[PDB]
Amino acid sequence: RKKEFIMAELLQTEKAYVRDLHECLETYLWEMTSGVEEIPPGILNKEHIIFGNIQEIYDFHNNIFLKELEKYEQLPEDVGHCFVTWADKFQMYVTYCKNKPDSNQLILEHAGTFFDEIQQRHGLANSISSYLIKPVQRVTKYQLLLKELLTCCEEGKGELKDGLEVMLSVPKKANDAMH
């Protein structure tokens, strides 16, 4: 019963994470790359500093990772292996995390209310800042879900151990990569 609740939250929050990144790319990023609106000279051709590699993280979760998590829905005790299979992909969170300070300063010092304007216009509850913290949140949450599964799965649970290892290694490597 508990292992099924955890796996359900894992898939449900993954869907919302993919929805949230998608929303971020097609509002905040699109308005900058579109050519529909006047871009403050402070941030022009700097979308790369603002959004870092979030496009590539979204492509991972949207093209691969969510499809593969879905496949483990009836196999929660094995889902650790999903994280092992796709370990290399999570290294992009290291890149993303390194760039977040530079992203935040650039938006502070140089964007004035460009993004605030898009938020009002599109009717979004979440600021660009809310969206850009989410990869940092997500990459430190997988380890919590895996730990919860370890409390309610048998010793057919080295197919969690090694997944948890990966998802402890990625945020630690991200954390250790900061200034």
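Throughout, we count residues from 1 along the sequence that is shown.
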Hey, which bit's got the bigger mean C-alpha B factor in the entry, 68-76 or 104-112?
-> 104-112
Between 7-15 and 153-161, name whichever shows the higher mean Cα B factor according to the PDB entry.
-> 153-161
Residue, from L144, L132, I57, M32, that the PDB entry assigns the highest Cα B-factor | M32
What third of its chain's C-alpha B-factors does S127 belong to: lowest, middle or highest?
-> middle
Chain-relative CA temperature factor third for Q120 | highest
So, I50's CA B-factor, relative to its chain, sits in which third? The middle
